[PDB]
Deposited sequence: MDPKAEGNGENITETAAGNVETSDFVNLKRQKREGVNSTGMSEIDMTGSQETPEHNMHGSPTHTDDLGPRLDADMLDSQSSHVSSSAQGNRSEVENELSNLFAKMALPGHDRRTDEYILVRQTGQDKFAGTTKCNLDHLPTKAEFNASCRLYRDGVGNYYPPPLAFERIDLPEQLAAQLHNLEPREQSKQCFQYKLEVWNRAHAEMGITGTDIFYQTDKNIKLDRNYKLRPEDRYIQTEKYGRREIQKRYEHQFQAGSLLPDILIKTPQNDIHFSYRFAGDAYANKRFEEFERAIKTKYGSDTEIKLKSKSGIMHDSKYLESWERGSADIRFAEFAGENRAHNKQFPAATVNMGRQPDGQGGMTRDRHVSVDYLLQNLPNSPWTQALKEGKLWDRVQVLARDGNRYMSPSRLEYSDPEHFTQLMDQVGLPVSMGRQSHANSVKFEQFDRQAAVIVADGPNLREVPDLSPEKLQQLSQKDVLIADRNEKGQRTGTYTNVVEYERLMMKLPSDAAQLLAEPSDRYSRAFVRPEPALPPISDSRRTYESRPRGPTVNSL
């Protein structure tokens, strides 16, 4: 068990809070203390979830989901399933106040989209401006819907909390600068969490592994600021049964799930026939052998930066199966029919290339290059983007 697997947060003031990490508690909190605190649970990457969200983040097993059709007993059984995971987890962590705090504020009525009216979706701080939230809970503090923007957790597991404001000591300064001054003050092993509108405190490095500059975007936004990229390598985790392609950033995988069987196979040089690597120009994906061959210097730099062994570039089998278009959407590329209607010269769109004979080369190239070189899209690509 991790010594920082929970943090207990308490209100001590107008817009003032204090936290204590599990390992720093000087006493064994009673069930009342547990139930009166905002309880933050550490997930597998060091994000911290308040209770109603930690509970729903328990996922249902594939088999159980399938076996379940019903409905509403559907909700009942999902809840009973998560309730036992939740209860057993609280027992092991030694927590005796196990309230979930999912109860909604029943004085608040939704708009026709079943969402909060704009007048009901803000909390007002005394000194720091307003903050937008996702949901109105009957127990707002305990549900996590009242925390500050920033949680710092030092190498000693001490918690410091912070609010941004328009024109503060970091106005128009970058998250990375705040970050450097934090690790100078506290130690370079210090963790920084940035609050989501939901109440989740996402670790700053988790956010950057999701999209470079996300941590900074979230940081700026707290102060009312606004400021202005394919993954380096990707692995196909789809094509199953055969199922659709789904290419997941290698960096994401290796940073965030260092003991995944995908991650560990990749580290040993396996699954190289499912790996795509970005050209020096940023516009094209190709196999690792193709890149090794066509640009050995960039190959060696990309593979060291991303954490893959250079042996992948001396491998080859004896490409028509691959999707005609892939689309970047976070740290993964998706086939067009996998994106929701709201998701869909986009610089996020990559086309399965074809040579002068009409045959698939295996590469994917950005649509912007098709426009710049005045190259017509292949017809398979062209109809998916219609």
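S.K.: In sequence order, name the stretches of the deposited sequence that have no C-alpha in these coordinates.
M.R.: Going by the record, the segments left unmodelled (no C-alpha atoms) fall at 1-111, 180-181, 342-344, 358-362, 440-446, 473-475, 518-556.
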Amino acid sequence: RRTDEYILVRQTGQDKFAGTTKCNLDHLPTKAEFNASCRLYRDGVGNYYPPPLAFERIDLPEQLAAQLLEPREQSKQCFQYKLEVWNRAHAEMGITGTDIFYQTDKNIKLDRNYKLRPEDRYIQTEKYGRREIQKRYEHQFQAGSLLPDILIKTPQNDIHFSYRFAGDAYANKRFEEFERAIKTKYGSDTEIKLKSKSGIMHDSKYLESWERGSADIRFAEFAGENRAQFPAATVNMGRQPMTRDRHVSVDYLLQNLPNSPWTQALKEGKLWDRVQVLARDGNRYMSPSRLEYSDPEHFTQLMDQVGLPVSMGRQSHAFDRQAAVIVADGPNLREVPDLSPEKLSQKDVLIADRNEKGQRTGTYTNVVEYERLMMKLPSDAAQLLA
From here on, numbers count along this sequence of modelled residues.
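S.K.: Higher mean Cα B-factor in the deposited model: 147-155 or 180-188?
M.R.: According to the PDB entry, the answer is 180-188.
S.K.: Identify the stretch, either 252-260 or 126-134, whose C-alpha atoms have the larger mean B-factor according to the entry.
M.R.: Mean C-alpha B-factor is greater for 126-134.
S.K.: Name the one of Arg280, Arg227, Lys82, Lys195 with the greatest CA B-factor according to the PDB entry.
M.R.: Spelled out: the listed residue with the top C-alpha B-factor is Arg227.
S.K.: Going by the CA temperature factor in the entry, name the top one among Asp338, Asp353, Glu33, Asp43.
M.R.: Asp338 has the highest C-alpha B-factor of those listed.
S.K.: Can you work out whether the C-alpha temperature factor of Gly199 puts it in the lowest, middle or highest third of the chain?
M.R.: Within its chain, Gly199 is a lowest-third residue by C-alpha B-factor, going by the deposited values.
S.K.: Based on the deposited C-alpha B factors for this chain, I'd like to know if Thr96 is in the lowest, middle or highest third.
M.R.: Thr96: CA B-factor falls in the middle third of its chain.
S.K.: When the modelled residues of the chain are sorted by Cα temperature factor, does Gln11 land in the lowest, middle or highest third?
M.R.: Answer is highest: the recorded C-alpha B-factor places it there.
S.K.: If you rank every modelled residue in this chain by C-alpha B factor, which third holds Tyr293: lowest, middle or highest?
M.R.: Its C-alpha B-factor, which the entry lists for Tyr293, ranks in the middle third among residues of this chain.
S.K.: Ranked by Cα temperature factor within the chain, is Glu211 in the lowest third, the middle third or the highest third?
M.R.: For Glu211, whose C-alpha B-factor we compare with every modelled residue in the chain, the answer is the middle third.
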